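Trainee: What follows is a single structure, and I will ask about it in a moment.
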């Protein structure tokens, strides 16, 4: 059982009103679904990622990351987002992330392929 | 069969001499192993990610991303990297990425939790 | 007179308790001083940057950016931070930024040269 | 006289064919003009920034950064780019950077305000 397997598993919400549904495996796996409240997206998309299943015991957060490719049965935005961040446990548990959103482009437009931003996920809202 | 399933599957190398071994699934899954030539890393680490299995047919690249958590049987760097980028097929196939490397930190040090960089992967070297 | 010259000029504070003192010029210049509450920093450092002196009139924010090199009479952290973001005017005025912090490194360590993060500045606190 | 004042001052070119014309001051200032070969840009734009005028003497690079707001007499792209990076001196001198490009947006679109990328500048091409 990963140190924060129970803390990470469940339904999370970010500041945009997106919904992150994840299961943390004992082995370090993250699996689930993502629903974006914004952008060229509708309904759920598959996500997969990894987390540190044996984090530091000095009060540090737990490093994790995941990917969504923005293709499902409804839409294809020809793009993928990766979130990189840390889980911080406790009464007001949080996942604090930064993300990179890449779209497929021509070589001439590849300089403009990637958005960067930050999302904070909580168990409420 | 994903449009670039065959193009993406295989062994890739970046400019640091790291080795990315990946299998692309028909469903959009990426699975495999990563070996970093640099940093607090030794041997292989599990990776998982996603790719656009039906990309644009206008000469755009194929969006993809993946995650490594830097824990294996040898070491634990209490960190995770996510790569976000695009696959560009052809004689000199490439995966062009940007990445985010987050370490677990205390809340006081969380401003300094995340490195950013860029890796280019080719099928040779 | 830049559209938001008066709105941007003044003393700003971020979520870390750092202090950003800036003058916006009619020509698009930003000049002032930065004092970091965290990291290898003490007292004030010179800053310079630019802003859009004729922003869109459709309720969009005002794009701006600035640089600090972390050398002053007290310390030299051999690093520079750049903030890129937008000014949003009104009762609860804000500057919403993302930043890149580069340290001088050897070529072997250059993959690890750059931190990324996000700061929100307000006129209170 | 800054350690790399003479090395940094001059005309630089990146991989897109953009032109960076800069003067490094003894005090740590960068001033000059930028001409982008791509995007919503024409002719020269003002730039300002900072560099470490007393870098480490252990073979590390020299940290620097600069800003362009994409307004000139010809066009206004309501955006600003900041480059953060390091200068590496020698026969094949380089400035290795990462950048953040923010556009002014509405609050509803602010998640999508910022591009990230990387530019390498050389004294030839």
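Numbers run from 1 along the shown chain.
When the header is checked for method, it gives X-ray crystallography, 1.5 Å.
Every residue, even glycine, has its Cβ placed from backbone N, Cα and C.
Pulled from the PDB entry, these are the listed features:
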type	residues	note
SEQADV	B:1-4	expression tag
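This is the feature table in Swiss-Prot:
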type	residues	note
BINDING	B:34, B:45, B:83, B:99, B:111	biotin binding site
Trainee: Could you pull out which residues elsewhere in the chain have a CB under 8 Å from any CB of the expression tag (B:1-4), counting only those six or more residues past its ends?
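Mentor: For the expression tag (B:1-4), the nonlocal Cβ contacts are 24-28, 51, 53-55, 62, 87, 89.
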Trainee: Among the binding-site residues (B:34, B:45, B:83, B:99), which are close to chain C, meaning C-beta separation under 8 angstroms?
Mentor: none
Trainee: By DSSP, how many residues in the expression tag (B:1-4) are helix, how many strand, and how many coil?
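Mentor: DSSP classes over the expression tag (B:1-4) add up to 0 helix, 0 strand, 4 coil.
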Trainee: Taking the Cβ of each of the binding-site residues and counting other Cβ atoms inside 10 Å, which one has the highest number: B:45, B:83, B:99?
Mentor: B:83
Trainee: What is the number of other Cβ atoms found within 10 Å of the Cβ of residue B:34 (biotin binding site)?
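Mentor: Residue B:34 (biotin binding site) is surrounded by 23 other Cβ atoms within 10 Å.
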Trainee: Near the Cβ of residue B:111 (biotin binding site), how many other Cβ atoms are there if near means within 10 Å?
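Mentor: By my count, 22.
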Trainee: Please give the biotin site's span as the largest CA-CA distance among B:34, B:45, B:83, B:99, B:111, to the nearest whole angstrom.
Mentor: 27
